[PDB]
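J.: Got a structure for you, questions after.
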Amino acid sequence: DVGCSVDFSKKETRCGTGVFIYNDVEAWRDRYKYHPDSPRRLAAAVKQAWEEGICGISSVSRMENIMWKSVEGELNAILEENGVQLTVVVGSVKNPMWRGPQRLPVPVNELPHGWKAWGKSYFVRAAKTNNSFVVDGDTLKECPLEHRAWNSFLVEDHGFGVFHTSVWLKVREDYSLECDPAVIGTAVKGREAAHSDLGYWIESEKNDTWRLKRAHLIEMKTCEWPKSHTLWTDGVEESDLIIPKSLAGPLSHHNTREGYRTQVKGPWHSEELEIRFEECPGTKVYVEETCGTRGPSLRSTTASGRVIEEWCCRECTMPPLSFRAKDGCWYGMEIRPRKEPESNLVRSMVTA
Amino acid sequence: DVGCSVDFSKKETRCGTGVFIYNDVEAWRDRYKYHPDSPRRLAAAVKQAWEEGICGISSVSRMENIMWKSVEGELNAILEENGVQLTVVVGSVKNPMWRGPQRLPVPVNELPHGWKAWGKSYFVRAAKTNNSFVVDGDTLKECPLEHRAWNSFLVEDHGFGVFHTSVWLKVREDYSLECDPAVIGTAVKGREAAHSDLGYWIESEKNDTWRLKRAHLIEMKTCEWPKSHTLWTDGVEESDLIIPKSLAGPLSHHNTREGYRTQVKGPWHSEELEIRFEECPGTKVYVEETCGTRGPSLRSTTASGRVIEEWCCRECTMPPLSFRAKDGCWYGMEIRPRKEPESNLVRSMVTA
Amino acid sequence: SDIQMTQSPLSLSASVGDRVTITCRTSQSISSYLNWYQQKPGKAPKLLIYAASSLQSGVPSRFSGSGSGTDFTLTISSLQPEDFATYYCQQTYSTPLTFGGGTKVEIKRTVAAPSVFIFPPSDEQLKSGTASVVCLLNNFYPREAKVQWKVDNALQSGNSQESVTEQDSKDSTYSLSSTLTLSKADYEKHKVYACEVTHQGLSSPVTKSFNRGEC
Amino acid sequence: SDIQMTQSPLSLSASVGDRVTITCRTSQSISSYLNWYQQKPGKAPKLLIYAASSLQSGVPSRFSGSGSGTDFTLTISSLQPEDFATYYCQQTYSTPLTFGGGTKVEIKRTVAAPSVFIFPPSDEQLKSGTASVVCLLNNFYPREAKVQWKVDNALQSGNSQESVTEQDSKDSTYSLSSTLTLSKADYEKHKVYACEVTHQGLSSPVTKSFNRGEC
Amino acid sequence: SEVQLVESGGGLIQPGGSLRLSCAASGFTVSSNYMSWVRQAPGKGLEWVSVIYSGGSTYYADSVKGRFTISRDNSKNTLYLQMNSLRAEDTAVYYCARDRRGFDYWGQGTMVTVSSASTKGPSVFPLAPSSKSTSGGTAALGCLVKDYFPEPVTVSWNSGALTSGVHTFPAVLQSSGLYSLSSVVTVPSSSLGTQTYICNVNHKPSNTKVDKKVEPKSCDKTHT
Amino acid sequence: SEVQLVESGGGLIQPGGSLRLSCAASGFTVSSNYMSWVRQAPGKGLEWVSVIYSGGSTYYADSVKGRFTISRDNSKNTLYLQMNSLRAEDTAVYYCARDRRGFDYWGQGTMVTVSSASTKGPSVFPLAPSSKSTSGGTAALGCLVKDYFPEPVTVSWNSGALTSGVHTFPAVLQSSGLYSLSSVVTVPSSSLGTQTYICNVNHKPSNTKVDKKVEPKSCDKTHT
Amino acid sequence: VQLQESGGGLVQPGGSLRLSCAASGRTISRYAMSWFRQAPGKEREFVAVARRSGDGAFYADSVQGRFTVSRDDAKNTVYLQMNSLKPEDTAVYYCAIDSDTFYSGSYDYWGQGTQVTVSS
Amino acid sequence: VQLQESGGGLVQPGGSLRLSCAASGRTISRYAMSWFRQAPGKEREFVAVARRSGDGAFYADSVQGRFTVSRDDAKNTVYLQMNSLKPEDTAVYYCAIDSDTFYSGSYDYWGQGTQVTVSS
Ligand SMILES: *[C@@H]1O[C@H](CO)[C@@H](O)[C@H](O)[C@H]1NC(C)=O
């Protein structure tokens with residue numbers, strides 16, 4: 001509750017007391033020591049899930065995938081004490097992280113054996129069996145989507161930064177469609193405010209009736225942002241949320257822009273994306289009445305390195321919405337190419 | 001943006017970037033000082049308003065009144081040096097600060113001459129004249145309410161190199177029933193939130209579902225709390241806001257409680273108030289279906305010093321909702337004495 | 001619950017050059033937000049006096065009002081020919097922004113009595129299975145009167161509509177018309193139809209009737 | 001925008017031991033959130049298949065479903081006497097949680113023609129100033145049919161209401177009754193009243209008629 | 001450039017439909033000052049509908065809450081009101097107004113009618129003069145018009161040749177959804193037997209014009 | 001106890017009235033689940049009304065925005081829906097459902113009727129057997145019951161002694177706010193002369209009981 | 001409820017008189033009252049009606065500008081002032097109380113009446 | 001518009017035969033089709049009808065379990081397979097088309113009678 005700050009526009013500095021919110025995206029976080037319940041209980045859950053037709057998992061957040069990847073080996077070594085022949089196999093992740101109709105259960109009992117799950121001093125190995133328990137990757141054929149799980153972990157405590165940086169988790173006991181609360185924080189000071197979490201950071205400004213300023217996106221979640229953690233909820237309709245409600249956008253008057261509607265066909269397959277309201281390099285976003293209609297977002301960069309400069313639209317208000325990705329510039333649905341074809345270009349695979 | 005943030009919860013030192021609340025209420029004058037626009041144009045305004053019969057502005061906030069009883073002297077001097085005949089006066093405010101109908105004008109130009117700010121300006125004294133432009137004061141009989149003023153000032157910037165704030169201000173040209181947005185801040189981080197103003201500090205928490213935790217009130221405004229600085233403004237109706245909407249309460253689920261409704265007849269005249277959900281000393285609030293209905297707020301201390309030790313109600317989530325005042329402890333409307341008549345106890349002033 | 005207004009009187013009589021007292025009460029203290037509107041039939045309301053003692057720019061200086069608490073008042077110094085209209089008040093303190101019921105200012109004259117008639121339903125209309133029966137009152141004053149329908153000395157109810165004109169521009173009286181509609185199956189069940197009238201200008205009720213089938 | 005959940009076929013005919021196929025379609029990819037409910041006349045729905053491939057505990061193993069994207073399917077291996085009901089599909093992906101257009105399965109049954117009748121209005125109804133007509137079709141299969149009202153060879157329209165019976169339990173046939181209501185003033189203008197019938201199992205239409213007031 | 005609120009978007013709509021109202025403005029900016037919409041029902045007083053503050057907030061009347069929405073096009077200083085799920089009781093004249101001290105500016109108004117009917121020529125019935133409406137040498141003869149739509153007809157006598165003594169009661173609405181009115185004129189008795197009198201009813205939208213001749217009765221034997 | 005949902009609070013309310021529905025729950029807490037309201041009209045499909053998440057958020061079906069409101073009482077574990085400004089088209093049966101991976105639990109339902117009609121015994125007019133309906137030794141006859149309210153009506157012939165070849169058609173609702181019905185029966189032609197056939201009608205919500213014996217139309221020409 | 005009237009007499013042309021009406025068993029503050037007269041052999045005719053406070057009273061054409069009527073709730077009495085009389089005014093006078101709503105124009109109770117005469 | 005039937009001939013009892021209906025104007029892919037027969041000395045009677053693909057086909061009470069219909073949308077033609085014929089079935093056969101939907105069921109056009117005889 002106690003601390004300090006230092007302003008930038010004015011140089012006044014002061015310590016005091018209050019409530020403090022921090023940015024935790026640009027550095028991709030540090031490396032931490034995750035403690036998912038007792039990894040033995042997680043292993044028992046992975047068994048009882050296979051027994052009932054669950055054959056894989058699709059991560060809800062990159063933290064979940066990294067926890068899986070970092071506990072893969074001990075997961076395989078923890079079941080071999082008893083009569084279980086499963087073999088987890090963790091691959092890379094893809095964007096966006098489509099949902100899963102199943103849910104990992106909650107075991108009432110646990111595999112009786114040693115407690116050696118945490119921090120085994122090296123020398124951990126196991127023998128590969130016939131049947132896998134895949135996690136992400138290209139294992140679609142081995143385990144069809146309808147048999148995959150999604151969104152079954154709930155944070156509990158993430159302190160211990162001075163000496164252990166330990167983040168604790170658990171398997172959630174109830175069905176739900178909304179993101180994790182404990183890692184969300186939002187604040188407002190006069191003419192500015194922000195919504196954010198571990199992977200989401202959203203900024204709003206008081207220009208006139210408030211609007212959307214900027215946002216940085218390293219993953220593409222697909223949960224729903226809780227309403228208790230958003231500003232000025234009522235009076236808004238879901239047809240005008242710039243970040244679709246399906247991609248965990250918040251319902252707010254700060255989450256919008258005059259002239260633009262929900263962006264459901266955007267480049268949600270890129271690895272990293274920055275939402276910025278400004279014209280991309282070489283671009284001249286005109287305003288025309290003869291221009292076309294909404295359509296899938298078209299990258300400004302061709303697979304051959306070619307780019308298209310002139311785009312038009314009717315309903316837009318400058319500056320224009322654009323996504324910045326390591327691949328290149330991706331524009332919004334409203335702004336279509338002014339004369340160039342909408343198909344002889346690197347079109348976003350339909351993200352509807 | 002960078003800050004200490006010594007996280008008292010985990011005893012963890014931190015650093016980074018973000019946004020920070022500050023509890024600038026309790027350390028009221030250790031930080032804040034207020035001065036208006038150039039008192040020459042303010043003098044011109046008060047001159048062009050007296051033509052319409054303005055009695056003189058009653059303050060909405062302690063900042064405005066404490067500016068009133070700071071800039072009087074040079075305002076009087078600037079009035080006199082121009083040949084104008086008027087005497088500005090100031091008294092002691094009384095809670096609550098009622099809603100006056102009129103509004104100050106805005107001069108199109110300044111007086112061509114008058115620079116009495118120079119030299120020993122503040123301390124020039126002159127006799128009292130026939131014309132009184134009374135600010136605040138006990139002149140309620142001398143000037144009826146309808147000719148007063150209310151809410152005629154805006155904040156534009158604050159923070160200066162004098163190691164204390166120098167809040168710039170100026171006269172309003174716009175009609176408005178809304179509280180000031182520049183000096184208000186709120187935020188939520190995990191399981192904690194806070195609604196903060198220069199005289200209001202309101203704390204909310206997530207137990208089961210969001211609710212109200214504590215409030216510290218040094219003044220009792222009567223402007224409307226803006227919505228854009230409010231969390232979860234949806235699906236809530238005015239009948240349950242514990243702090244009445246008319247007395248500058250925020251419309252939120254965080255500003256509610258189970259078993260309580262709007263408190264219109266609370267002790268909104270006291271010098272200093274704090275809302276704490278704990279029983280007043282020497283008392284215990286029961287819940288019974290046989291208790292009486294709503295009524296005026298009743299203090300727990302009799303005029304002779306005696307206190308009552310039995311209270312009841314029907315619909316309250318037990319036990320307390322109490323206001324902490326300089327002269328005693330005030331209970332809520334829904335809680336009323338069990339044996340003593342309401343006639344003997346000190347009763348809240350008429351604030352319906 | 002919310003804040004309610006209550007105008008009074010609903011209608012008042014006073015000749016030119018008089019002075020009339022009008023009150024617009026509200027349910028709880030609203031400081032001094034009180035407004036007065038004048039509307040003439042077919043036009044948008046206009047504002048005369050706001051803030052409960054202040055006068056709008058351009059308004060003639062014969063209006064004024066005051067009050068304190070939940071009870072307020074307006075008065076016109078000397079009624080002129082241009083003030084034949086209705087007046088609403090209002091609050092602008094906290095939503096909802098309630099308006100007022102209304103009041104009517106009437107020209108003044110003396111008491112007059114009506115002329116009572118009755119009409120038969122033309123046989124031609126009975127070729128379509130319908131029958132309309134009409135009673136009429138002519139050129140009476142003041143506005144308030146009463147009429148009823150009786151068939152075979154039985155009291156009709158809930159099956160007729162009235163239509164009252166405005167004030168006559170020359171003699172300032174009012175005409176009231178009432179229609180009772182019956183189908184051919186019901187029209188021939190009864191024998192005699194009648195209309196009744198009672199008003200301040202008469203010392204006893206006036207009755208009329210017509211029998212079925214008389215051309 | 002909401003998600004549409006068309007169903008087909010509206011109704012199908014199949015006997016015991018047959019294999020039936022139904023299709024539910026949605027307007028955009030809802031992942032694999034698809035539900036199937038079985039509602040019998042006058043009862044609350046219940047859940048058979050969720051996840052588009054999974055089976056609710058307790059359901060008999062003759063039910064199965066499949067599909068991906070915008071096209072799903074349900075199948076029953078060996079239909080049985082007790083499965084005469086309607087089937088709704090649903091998606092619980094995002095609000096609003098829309099339902100499907102319904103499909104009714106005829107578990108039983110070959111071809112028959114209807115028996116046509118007609119009735120004249122009783123006089124004591126004319127004591128109220130109105131008259132009603134009735135035309136009856138009895139024991140025909142399949143459900144499809146058509147009835148029209150003609151007066152003096154003039155075609156009526158928009159003033160008759162028809163009611164249908166449920167498939168006869170013992171014999172599996174339907175019955176249709178159409179009632180036409182007119183005022184007495186209109187009922188007395190005409191001379192000839194008749195009923196027209198049409199069916200797939202008939203080579204040419206059938207007609208019944210009566211003369212006004214005929215005894 | 002002057003203050004003048006101007007509405008638009010009125011007409012006739014069936015139950016369940018939808019409509020959008022648009023109150024333009026000039027001389028000043030909407031976003032800097034509050035705004036409201038106000039309605040008056042047929043033959044009744046005033047009532048408030050909504051308000052949209054300058055900062056963005058909005059409030060609605062407890063009766064039309066949900067079905068209605070207020071908004072403003074900040075790029076063209078327009079003030080919109082959108083209505084869905086309309087009913088018959090939603091008939092009234094709607095106004096848009098400002099709020100600074102009091103409702104110091106009002107617009108002009110527009111009419112909203114909700115009824116499921118179609119354009120129905122008026123039915124003309126004559127009120128022949130008789131001994132039942134004659135008094136002191138003067139008699140009353142009129143015409144009756146019934147079961148028509150839309151808004152009332154413009155009655156006249158002798159195609160304007162007669163100018164004095166004409167009356168026309170206000171129209172009323174029946175439970176069938178159609179209008180009604182009565183016409184009457186008084187003339188000396190001697191003119192009954194020497195002057196021809198005609199009542200003309202015109203219903204412009206339906207291109208319907210009717211001339212009815214009103215004459216004294218005749219109980220003579222002329223059945224065949 | 002077993003997992004169930006049990007509604008209550010239905011009845012008859014005039015248009016524009018108000019009503020509040022309660023759906024109790026057992027075996028689980030409304031606060032940690034997703035609950036909905038579902039309704040079905042008589043003779044139509046299912047429809048979804050509203051939902052209240054476990055985090056407190058609520059969403060409503062477009063057609064009932066503003067007029068309705070969903071809430072819960074956490075102490076007594078109850079789910080509420082507030083019905084204000086009831087229309088005529090709001091007639092249906094209302095259910096509450098629980099979502100876990102599909103609406104795997106439902107409630108029986110409760111009926112809500114919105115009618116301004118005035119309660120009433122029925123009118124019975126017999127249908128006369130005639131040579132038109134006689135063919136091959138079999139003939140058809142019936143009765144007609146009309147203009148009653150409210151439901152239910154029960155029709156039987158000869159005090160229930162006849163129980164074969166008789167059909168009772170579904171009840172219809174007329175534009176006048178009252179129900180209608182028809183009944184037909186088939187009998188051999190020879191039985192007309194001795195077997196006395198009558199149709200019994202009972203309408204208990206008006207304490208009315210009627211009976212009618214059916215004969216062919218009598219045409220004795222006593223006109224002069 | 002019963003009523004009584006007193007204050008009649010014989011006066012010369014241009015004289016003056018004050019008639020009174022009183023009732024027992026009813027509080028007239030809620031109701032209005034009517035004044036009537038009757039010529040020899042003629043039907044009773046209306047004279048004037050006194051309404052509640054604020055609405056005052058209404059006068060017949062013949063009496064307007066000559067007579068006046070006033071009410072006193074505290075004494076359950078109503079008075080009538082007559083000025084500038086002429087031989088034509090000779091008639092019996094009566095008073096009656098209307099219903100609580102002036103629309104009906106119906107009278108609940110009636111007084112006996114008394115003679116008033118003017119002669120030269 | 002004209003239709004054309006084919007497949008007429010003679011066959012001994014116990015045999016089998018096949019016939020075809022061809023149409024013009026309307027496309028058969030959307031519309032159902034029906035046949036009719038008329039025995040000597042009797043009135044026309046329904047035989048069979050075939051709906052669109054998957055919609056099934058319905059057979060009269062007499063011909064149940066003996067006949068069977070088929071259609072070809074691509075070739076715009078419809079066939080019946082008759083088996084276990086007997087002398088009773090001798091009759092002139094026709095082919096007619098229906099309207100847009102079965103809920104309408106109004107026959108639009110009819111073919112030309114073709115002779116079929118069974119004897120030995
Ligand atoms: C706080 O929360 C828990 C669980 O969320 C709840 O059971 C409890 O009643 C709440 N209040 C207290 C005082 O523990």
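Each chain of the structure tokens is named A, B, ... in the order shown, its residues numbered from 1; ligands are numbered from 1 in display order.
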Counting only C-alpha atoms and all ligand atoms, what are the residues, protein, DNA or RNA alike, that approach ligand 1 to within 10 Å? I want them as an NGL selection string.
T.: :B and (205-209)
J.: List as a PyMOL selection string the protein and nucleic acid residues near region 48-59 of chain B, meaning an atom at most 9 Å away when only C-alpha atoms are counted, but skip any in the same chain fewer than 4 places from it.
T.: chain B and resi 43-44+63-65+68+86+88-89+93+97-100+102-107+132-137+143-144+147-152
J.: Name the residues in contact with residue 151 (chain F) at a cut-off of 12 Å, using only C-alpha atoms, excluding same-chain residues fewer than 3 positions from it; report them as a JSON list (two decimals) with N, CA, C and O atoms, in the first residue's frame.
T.:
```json
[["chain", "number", "residue", "atom", "x", "y", "z"],
["F", 12, "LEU", "N", -53.55, -14.95, -13.75],
["F", 12, "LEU", "CA", -54.19, -14.11, -14.76],
["F", 12, "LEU", "C", -54.03, -12.65, -14.35],
["F", 12, "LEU", "O", -54.36, -12.27, -13.22],
["F", 113, "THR", "N", -51.16, -16.04, -18.01],
["F", 113, "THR", "CA", -52.22, -15.62, -18.92],
["F", 113, "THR", "C", -52.43, -14.12, -18.78],
["F", 113, "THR", "O", -52.50, -13.60, -17.67],
["F", 119, "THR", "N", -65.08, -12.70, -17.38],
["F", 119, "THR", "CA", -65.54, -14.07, -17.19],
["F", 119, "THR", "C", -66.96, -14.22, -17.71],
["F", 119, "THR", "O", -67.84, -14.75, -17.04],
["F", 120, "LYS", "N", -68.29, -16.88, -17.50],
["F", 120, "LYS", "CA", -69.35, -16.78, -18.50],
["F", 120, "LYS", "C", -69.69, -18.16, -19.05],
["F", 120, "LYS", "O", -68.82, -18.86, -19.56],
["F", 121, "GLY", "N", -70.96, -18.53, -18.96],
["F", 121, "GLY", "CA", -71.43, -19.78, -19.49],
["F", 121, "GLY", "C", -71.36, -19.82, -21.00],
["F", 121, "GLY", "O", -71.34, -18.78, -21.66],
["F", 122, "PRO", "N", -71.32, -21.02, -21.57],
["F", 122, "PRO", "CA", -71.20, -21.13, -23.03],
["F", 122, "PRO", "C", -72.55, -21.10, -23.73],
["F", 122, "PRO", "O", -73.60, -21.32, -23.12],
["F", 147, "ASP", "N", -68.20, -19.06, -27.35],
["F", 147, "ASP", "CA", -68.14, -17.85, -26.53],
["F", 147, "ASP", "C", -68.19, -18.15, -25.03],
["F", 147, "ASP", "O", -69.17, -17.81, -24.36],
["F", 148, "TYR", "N", -67.16, -18.81, -24.51],
["F", 148, "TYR", "CA", -67.03, -19.02, -23.08],
["F", 148, "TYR", "C", -65.66, -18.52, -22.63],
["F", 148, "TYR", "O", -64.80, -18.20, -23.44],
["F", 154, "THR", "N", -65.43, -29.13, -20.82],
["F", 154, "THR", "CA", -65.53, -30.58, -20.95],
["F", 154, "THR", "C", -66.84, -30.93, -21.64],
["F", 154, "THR", "O", -67.90, -30.43, -21.24],
["F", 170, "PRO", "N", -59.75, -29.52, -30.78],
["F", 170, "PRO", "CA", -59.02, -28.62, -29.88],
["F", 170, "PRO", "C", -59.74, -27.29, -29.72],
["F", 170, "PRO", "O", -60.43, -26.83, -30.63],
["F", 171, "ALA", "N", -59.57, -26.69, -28.55],
["F", 171, "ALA", "CA", -60.17, -25.38, -28.29],
["F", 171, "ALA", "C", -59.40, -24.29, -29.01],
["F", 171, "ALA", "O", -58.17, -24.31, -29.09],
["F", 172, "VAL", "N", -60.14, -23.32, -29.54],
["F", 172, "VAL", "CA", -59.55, -22.19, -30.24],
["F", 172, "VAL", "C", -59.84, -20.92, -29.44],
["F", 172, "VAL", "O", -60.76, -20.87, -28.63],
["F", 173, "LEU", "N", -59.03, -19.89, -29.67],
["F", 173, "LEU", "CA", -59.23, -18.58, -29.05],
["F", 173, "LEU", "C", -59.63, -17.57, -30.12],
["F", 173, "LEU", "O", -58.90, -17.38, -31.10],
["F", 177, "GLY", "N", -61.61, -12.54, -27.62],
["F", 177, "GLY", "CA", -61.12, -12.89, -26.31],
["F", 177, "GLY", "C", -61.83, -14.05, -25.65],
["F", 177, "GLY", "O", -61.76, -14.19, -24.42],
["F", 178, "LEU", "N", -62.51, -14.90, -26.42],
["F", 178, "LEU", "CA", -63.26, -16.03, -25.90],
["F", 178, "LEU", "C", -62.95, -17.27, -26.72],
["F", 178, "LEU", "O", -62.52, -17.19, -27.87],
["F", 179, "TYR", "N", -63.16, -18.43, -26.11],
["F", 179, "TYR", "CA", -62.80, -19.69, -26.73],
["F", 179, "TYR", "C", -63.97, -20.27, -27.53],
["F", 179, "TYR", "O", -65.12, -19.88, -27.37],
["F", 180, "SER", "N", -63.64, -21.21, -28.41],
["F", 180, "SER", "CA", -64.62, -21.89, -29.25],
["F", 180, "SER", "C", -64.25, -23.36, -29.35],
["F", 180, "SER", "O", -63.11, -23.74, -29.10],
["F", 181, "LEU", "N", -65.23, -24.18, -29.71],
["F", 181, "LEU", "CA", -65.05, -25.63, -29.71],
["F", 181, "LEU", "C", -66.10, -26.25, -30.62],
["F", 181, "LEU", "O", -67.10, -25.62, -30.95],
["F", 202, "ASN", "N", -70.15, -28.75, -19.75],
["F", 202, "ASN", "CA", -69.85, -28.29, -18.41],
["F", 202, "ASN", "C", -68.76, -27.24, -18.48],
["F", 202, "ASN", "O", -67.77, -27.41, -19.20],
["F", 203, "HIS", "N", -68.95, -26.14, -17.75],
["F", 203, "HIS", "CA", -68.00, -25.02, -17.71],
["F", 203, "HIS", "C", -67.90, -24.60, -16.24],
["F", 203, "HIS", "O", -68.65, -23.75, -15.76],
["F", 204, "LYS", "N", -66.96, -25.21, -15.52],
["F", 204, "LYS", "CA", -66.93, -25.05, -14.07],
["F", 204, "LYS", "C", -66.49, -23.66, -13.60],
["F", 204, "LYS", "O", -66.98, -23.23, -12.54],
["F", 205, "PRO", "N", -65.61, -22.93, -14.29],
["F", 205, "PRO", "CA", -65.22, -21.61, -13.77],
["F", 205, "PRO", "C", -66.28, -20.54, -13.94],
["F", 205, "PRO", "O", -65.99, -19.36, -13.71],
["F", 206, "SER", "N", -67.50, -20.91, -14.34],
["F", 206, "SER", "CA", -68.65, -20.01, -14.33],
["F", 206, "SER", "C", -69.87, -20.66, -13.69],
["F", 206, "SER", "O", -70.95, -20.07, -13.71]]
```
J.: Can you pull out every residue within 12 Å of residue 62 (chain H), counting only C-alpha atoms, but drop anything in the same chain fewer than 3 positions away, and send it as a ChimeraX atom specification?
T.: /D:110-112 /H:45-48,58-59,65-67,88-89
J.: Pick out the chain B residues within 12 Å of chain E. Count only C-alpha atoms. Give them as a ChimeraX atom specification.
T.: /B:101-103,173-179,181,224-230,233,237
J.: Take the residues from that selection and put them in a file with N, CA and C atoms, as a tab-separated table (two decimals), in the first residue's frame.
T.:
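Okay, selection-v2.tsv is ready:
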```tsv
chain	number	residue	atom	x	y	z
B	101	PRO	N	-29.42	27.71	-6.87
B	101	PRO	CA	-29.89	27.67	-8.26
B	101	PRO	C	-29.07	28.50	-9.24
B	102	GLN	N	-28.61	29.68	-8.85
B	102	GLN	CA	-28.05	30.61	-9.82
B	102	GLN	C	-26.69	30.10	-10.31
B	103	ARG	N	-26.03	30.91	-11.13
B	103	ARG	CA	-24.71	30.60	-11.65
B	103	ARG	C	-23.97	31.91	-11.91
B	173	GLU	N	-18.32	28.41	-17.79
B	173	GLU	CA	-19.28	28.90	-18.77
B	173	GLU	C	-20.32	27.86	-19.15
B	174	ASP	N	-20.28	26.68	-18.53
B	174	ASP	CA	-21.12	25.55	-18.91
B	174	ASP	C	-21.99	25.13	-17.74
B	175	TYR	N	-23.27	24.89	-18.01
B	175	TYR	CA	-24.16	24.35	-17.00
B	175	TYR	C	-23.84	22.88	-16.77
B	176	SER	N	-23.94	22.43	-15.52
B	176	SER	CA	-23.58	21.06	-15.20
B	176	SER	C	-24.01	20.75	-13.78
B	177	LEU	N	-24.49	19.53	-13.57
B	177	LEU	CA	-24.81	19.02	-12.25
B	177	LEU	C	-23.79	18.01	-11.74
B	178	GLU	N	-22.62	17.94	-12.37
B	178	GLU	CA	-21.68	16.86	-12.12
B	178	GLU	C	-20.50	17.31	-11.26
B	179	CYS	N	-19.98	16.37	-10.48
B	179	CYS	CA	-18.83	16.61	-9.62
B	179	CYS	C	-17.57	16.75	-10.48
B	181	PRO	N	-14.14	16.10	-12.29
B	181	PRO	CA	-13.45	14.86	-12.68
B	181	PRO	C	-11.94	14.91	-12.51
B	224	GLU	N	-23.24	15.54	-8.62
B	224	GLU	CA	-23.46	14.17	-9.09
B	224	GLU	C	-22.14	13.53	-9.49
B	225	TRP	N	-21.91	12.31	-9.03
B	225	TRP	CA	-20.69	11.57	-9.34
B	225	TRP	C	-20.71	11.12	-10.80
B	226	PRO	N	-19.67	11.43	-11.59
B	226	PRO	CA	-19.70	11.05	-13.00
B	226	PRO	C	-19.63	9.54	-13.18
B	227	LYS	N	-20.11	9.07	-14.33
B	227	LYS	CA	-20.20	7.63	-14.56
B	227	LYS	C	-18.90	7.07	-15.11
B	228	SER	N	-18.22	7.83	-15.97
B	228	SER	CA	-17.03	7.30	-16.64
B	228	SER	C	-15.96	6.89	-15.64
B	229	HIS	N	-15.98	7.45	-14.43
B	229	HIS	CA	-15.04	7.08	-13.38
B	229	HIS	C	-15.65	6.08	-12.39
B	230	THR	N	-16.56	5.23	-12.85
B	230	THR	CA	-17.27	4.29	-11.99
B	230	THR	C	-17.09	2.87	-12.52
B	233	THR	N	-21.31	-0.06	-13.72
B	233	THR	CA	-22.45	0.85	-13.63
B	233	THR	C	-23.73	0.24	-14.19
B	237	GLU	N	-30.03	0.06	-9.49
B	237	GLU	CA	-31.02	1.11	-9.38
B	237	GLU	C	-30.80	1.89	-8.08
```
J.: For chain H, work out the contacting residues on chain D at 8 Å, counting only C-alpha atoms, and write them as a list in words.
T.: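 Per the criterion, chain D yields residues 12, 110, 111, 112, 144, 145, 146, 198, 199, 200, 201, 202 and 203 of chain D.
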